[PDB]
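Chains as they are written, first to last, in the authors' numbering: chain 1F, 7 to 438; chain 1E, 4 to 217; chain 1G, 6 to 268; chain 1s, 31 to 75.
All residues carry an ideal CB built from backbone N, CA and C; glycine is no exception.
Data first, discussion second: the structure below is written as structure tokens.
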Amino acid sequence: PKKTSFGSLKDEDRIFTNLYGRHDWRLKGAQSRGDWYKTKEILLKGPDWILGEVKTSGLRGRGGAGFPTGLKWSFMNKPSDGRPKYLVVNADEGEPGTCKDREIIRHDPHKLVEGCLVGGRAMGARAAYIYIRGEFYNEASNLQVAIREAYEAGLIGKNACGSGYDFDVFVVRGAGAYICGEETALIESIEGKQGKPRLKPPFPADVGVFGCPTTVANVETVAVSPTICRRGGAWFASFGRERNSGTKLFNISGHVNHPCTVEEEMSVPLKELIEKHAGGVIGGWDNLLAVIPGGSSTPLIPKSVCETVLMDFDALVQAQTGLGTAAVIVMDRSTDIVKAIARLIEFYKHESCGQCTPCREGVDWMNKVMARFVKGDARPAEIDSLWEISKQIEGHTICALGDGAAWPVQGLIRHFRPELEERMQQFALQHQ
Amino acid sequence: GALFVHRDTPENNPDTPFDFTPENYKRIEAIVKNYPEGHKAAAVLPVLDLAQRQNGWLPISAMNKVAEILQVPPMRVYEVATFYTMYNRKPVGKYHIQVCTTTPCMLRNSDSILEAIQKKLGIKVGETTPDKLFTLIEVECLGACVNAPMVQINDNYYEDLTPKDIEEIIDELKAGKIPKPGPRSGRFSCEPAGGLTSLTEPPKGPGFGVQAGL
Amino acid sequence: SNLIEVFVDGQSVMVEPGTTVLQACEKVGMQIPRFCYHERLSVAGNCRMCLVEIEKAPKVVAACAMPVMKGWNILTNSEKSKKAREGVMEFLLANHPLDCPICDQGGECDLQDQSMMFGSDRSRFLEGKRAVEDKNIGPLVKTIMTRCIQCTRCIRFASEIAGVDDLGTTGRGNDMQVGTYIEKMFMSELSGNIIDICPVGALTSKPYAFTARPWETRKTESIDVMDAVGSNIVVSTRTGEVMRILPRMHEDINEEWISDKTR
Amino acid sequence: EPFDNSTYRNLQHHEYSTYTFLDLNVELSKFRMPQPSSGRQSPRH
Ligand SMILES: Cc1cc2nc3c(=O)[nH]c(=O)nc-3n(C[C@H](O)[C@H](O)[C@H](O)COP(=O)(O)O)c2cc1C
Ligand code: SF4
Ligand code: SF4
Ligand code: SF4
Ligand code: FES
Ligand code: FES
Ligand SMILES: [K+]
């Protein structure tokens, strides 16, 4: 009735069986691994059944939102209105520490296109625009090879999978931006204009790409969608805590012996995951200083929090952080925490699209202030000023990049203020 | 300098000779046909990228020529070129060297890789070699963070880099030999160095764990 | 029958569905502070000063773009809104140049006046300000682009009321600059109007540049005679001399614009 | 045909070209069904 000891998943329930590219990633290998099997029956079941089984799965947005993917995808169950319906798969993967999208695309692309096909059918979309980032040129070419194989096999195109539905997938390359990862900015960049995000009184379900309805979904979420249809929401709901189901991927990087990727069951203990899959923190677990749970946007937590925390949405939310993209970055006692965070703010300043004032001016201001903090040329009152500034841009920006840049500062301040104090005192008496 | 105001120069002038090869033209029209009719302006980013491939760097003439074929006003084309980072508004030298400097890849001593390139090339961060072979600049996160410090040579990822390993890569480019894309270590793509902690069993065939219904 | 009902500061207001929060607040009389939102041009959202607190709602909404619905109490003077306005202006005045004594907008600058009403009384920005090279767009428009706040009012005006697409925004981040990239004069019969819409002294008039101050000129309404449209103008006279011909508002004849030959 | 889990068979990306992505995109065009028409030829027309 309850699998309290969540984690230690087995190979049978793993989705991306070809994660490390140890099997044929072409159509032949994907069909061998169990892809494109009874797809027509999924198509013939009807979009309501596809949406309904997603709610039973309790799938949450694996892109940094954690939204109830079933509820979100239900927004195009509305009848047709003359305008075409479009699906969009986010594949930017610009958040630091995030590598999962790269691996699925270049090692199991056929799952992705099938995900667009079943996803489009559920939401009634006409075509899927996979927005792969510009850097992933080899990945994009690998993705297109699978698309051509699917087109020749008759899985996609006119009468997709022999079910009457006509679905097409256009893989659109990026031109280099982290803000393109944002859903509305991605919708913007597809349209050909500058990649600034658009405000939302409206929503992509009503007004979106070319003005037609759209829904930006992460690569992982759509990729696991067909297997959810095959194995059921009940099978998917079995894993993970309540409201925390599924087997989210994990990108472990930083001061680990063997940084890697693993598709571990959700709500896994953080210590357990690092110990076996990654190999443990360099210099032993006691050498840990701080950990980035789910990417740069997610605030850091110290080792004391790291002692026992389940890797999921709710457990991290009560731990003053978020799951985000499950990008676990560890930082040992040899890591300059202030320098590392300042680099993250530097990245955010170099990636802000400059549209709204709080993100255009606040992030740059926070960059300059944090630069002084690294050198120590400041005063203790500046820490509080940095806190107020980070709150001023929080929730006042068009997209969640401003909140995505304010959280690391808030995370650093509330957990390493004595380190900041010591550095400033060190600067003070040195320059006497 | 990354300046966003183009001042006319003999090298980069609106009369600079640029056009599209016929093979590029059929590629362009296929790009435009991917988008719905009436919104052909959406092809600005891929088409402008096409001009980059056959020119290395795009001058103002390339950005104007993209405007004519796509009917987009030149100002909007200028917006896209300056906003996105990849578009080289200034000439670059053959192999473009991009080094990640974000925290996840810097935590594993990425500056050692940057220092190694600096020593072998002799070119300081930002400029280009006199023979126009390497253009060393730093870049933000490129996704491959679980892999060790890496580079983005031209259009290839070289992960799990090590200061001597990039020395081999540079001389291979200097001699014309292409370095193999992928990590420069035992790890193939992203697997743990010690061994496969998961997916050690043959994947189950079609129909496994499949409900009765569908 | 379609009129939905909202509570601007608690007082009930009848609003046509689809009405933005900003217009609903204007119905009572409260004018939400704004930079990017110009009534004639489209709505953008770069301003971020139109932010207001909706009752029992945790996120401050942008009144320039949010359409109201049933039973909303737009708390204009709520504390959270006031903190938001101070924060947004603090960012605006962070990199603004100290040109008030030498800026023509001095005395009629929206940034100046909104600082007096909705803004702090000091600065906590102990950094180095940014500077942006000037651009030339013709012998009519003063362009000190360092004072610009990227409200994109000029961009919207050029692409909507002028029809020519030569003003845009180049680059990202704080280094983003609004201009025309390649040097080119922004020339149209309505070119001089970008002086009026610009809330700061970034775009001002070269012929009148720093010859008078707004608080010392006497404004006299009149009718333009250069063209047959008969646009209503406000001729500003000081010490028996004519410096500026500003457009008036009529909503039928000239809306809020005049031709360059008129100005 | 084994469980050759010690081989990374995804090596096709090594021998790719500058124009590879746009090349097989063009070859893939014939499969694509006609795009929807928004009426006018451009948002400005
Ligand atoms: C600055 C920023 C960057 C983002 N980058 C990505 C990204 O690279 N991939 C992604 O899937 N979602 C990204 N998101 C989240 C999207 O905006 C959106 O919420 C999500 O893609 C929706 O799909 P999902 O529900 O499957 O996550 C980003 C958001 C922000 C604010
Ligand atoms: S938060 Fe930054 S990236 Fe997002 S819309 Fe505002 S300025 Fe652009
Ligand atoms: S634009 Fe306004 S704030 Fe800026 S210098 Fe002129 S008067 Fe002062
Ligand atoms: S120049 Fe004036 S109108 Fe144009 S964006 Fe800057 S402040 Fe706004
Ligand atoms: S951290 Fe080096 S690539 Fe993202
Ligand atoms: S008024 Fe709505 S953002 Fe400027
Ligand atoms: K002005």
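| Item | Value |
| --- | --- |
| For a minimum of 4 consecutive residues, which ranges assigned as the alpha helix (DSSP H) are wholly contained in the segment 12–71 of chain 1E? | 25–36 and 47–56 |
| From the beta carbon of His43 (chain 1s), is the nearest beta carbon of chain 1F less than 8 Å away? | yes |
| Can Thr151 (chain 1G) be considered in contact with ligand 4, in the sense that its beta carbon sits closer than 7 Å to one or more heavy atoms? | no |
| Are any of the Cβ atoms in chain 1F nearer than 8 Å to that of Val169 (chain 1G)? | no |
| Label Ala84 (chain 1E) either buried or exposed according to how many other C-beta atoms from any shown protein chain fall within 10 Å of its C-beta, with 16 as the threshold for buried. | buried |
| Under a Cβ-count criterion, where at least 16 other Cβ atoms within 10 Å of its own Cβ denotes burial, should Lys122 (chain 1E) be classed as buried or exposed? | exposed |
| Distance check for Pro72 (chain 1G) and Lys87 (chain 1G), CA to CA, integer angstroms please. | 21 Å |
| Measure the Cβ-Cβ separation of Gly260 (chain 1F) and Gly252 (chain 1F) and say whether it is below 8 Å. | no |
| The beta strand (DSSP E) that contains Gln16 (chain 1G), what's its start and end? | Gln16 to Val20 |
| Check whether chain 1E comes within 8 Å of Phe61 (chain 1s), counting only Cβ atoms and requiring the distance to be less than that. | no |
| On a CA-only basis, which of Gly76 (chain 1G), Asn237 (chain 1G), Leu46 (chain 1G) and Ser210 (chain 1G) is nearest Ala70 (chain 1G)? Give me that one, please. | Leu46 (chain 1G) |
| Locate the beta strand (DSSP E) running through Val177 (chain 1F), then write down its first and last residues. | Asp174 to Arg179 |
| For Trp371 (chain 1F), go through chain 1G and note every residue whose CB falls closer than 8 Å to its CB, in chain order. | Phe96, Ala99, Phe130 and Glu132 |
| Report the rounded CA-to-CA distance for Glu189 (chain 1F) versus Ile181 (chain 1E), giving the unit in angstroms. | 37 Å |
| What separation, rounded to the nearest whole angstrom, lies between the Cα atoms of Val234 (chain 1G) and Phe176 (chain 1F)? | 51 Å |
| Does the beta-carbon of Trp77 (chain 1G) have 16 or more other beta-carbons within 10 angstroms, so that it is buried, or is it exposed? | buried |
| Under 8 Å between the Cβ atoms of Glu143 (chain 1E) and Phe353 (chain 1F)? | yes |
| So, is the C-beta of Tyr38 (chain 1s) closer than 8 Å to a C-beta in chain 1F? | yes |
| Check the Cβ-Cβ distances between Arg158 (chain 1G) and every residue of chain 1E, and say whether any is below 8 Å. | no |
| Within 10 angstroms of its Cβ, does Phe40 (chain 1G) collect 16 or more other Cβ (buried), or is it exposed? | buried |
| Select from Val415 (chain 1F), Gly410 (chain 1F), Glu400 (chain 1F) and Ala384 (chain 1F) the residue whose C-alpha is nearest the C-alpha of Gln431 (chain 1F). | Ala384 (chain 1F) |
| Taking only three categories from DSSP, how would you classify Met35 (chain 1G)? | coil |
| Taking 8 Å as the limit between beta carbons, can you name the residues of its chain near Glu221 (chain 1G), skipping five residues before and five after? | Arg243 |
| Assign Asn165 (chain 1F) to one of two classes, buried (16 or more other C-beta atoms within 10 Å of its C-beta) or exposed (fewer than that). | exposed |
| Consider the Cβ of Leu350 (chain 1F): report whether some Cβ of chain 1G lies at a distance smaller than 8 Å. | no |
| Less than 8 Å separating the beta-carbons of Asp163 (chain 1E) and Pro186 (chain 1E)? | yes |
| Please list, in chain order, all residues with a C-beta atom less than 6 Å from at least one heavy atom of ligand 5. | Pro102 (chain 1F), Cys103 (chain 1E), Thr105 (chain 1E), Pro107 (chain 1E), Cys108 (chain 1E), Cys144 (chain 1E), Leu145 (chain 1E), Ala147 (chain 1E) and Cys148 (chain 1E) |
| According to a CB-to-CB cut-off of less than 8 Å, which residues of the segment 133–152 of chain 1F neighbour chain 1E? | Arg139, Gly140, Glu141, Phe142, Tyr143 and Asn144 |
| Which residues of chain 1F have a Cβ atom closer than 7 Å to the Cβ of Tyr49 (chain 1s), listed in chain order? | Within 7 Å Cβ-Cβ: nothing; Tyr49 (chain 1s) doesn't reach chain 1F, min ~10 Å. |
| Using DSSP bridges, identify the partner residues of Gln155 (chain 1E). | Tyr160 (chain 1E) |
| List, in order along the chain, the chain 1E residues whose C-beta lies closer than 9 Å to that of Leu54 (chain 1s)? | None at all; the shortest Cβ gap to chain 1E is about 10 Å. |
| Looking at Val26 (chain 1G): is its Cβ nearer than 8 Å to the Cβ of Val66 (chain 1G)? | yes |
| Does DSSP classify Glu226 (chain 1F) as helix, strand or coil? | helix |
| Whole angstroms are fine: how far does the CA of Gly121 (chain 1F) sit from the CA of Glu427 (chain 1F)? | 50 Å |
| Please state whether the Cβ-Cβ distance between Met89 (chain 1E) and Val80 (chain 1E) is less than 8 Å. | no |
| So, does the CB of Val69 (chain 1E) fall closer than 8 Å to a CB anywhere in chain 1F? | no |
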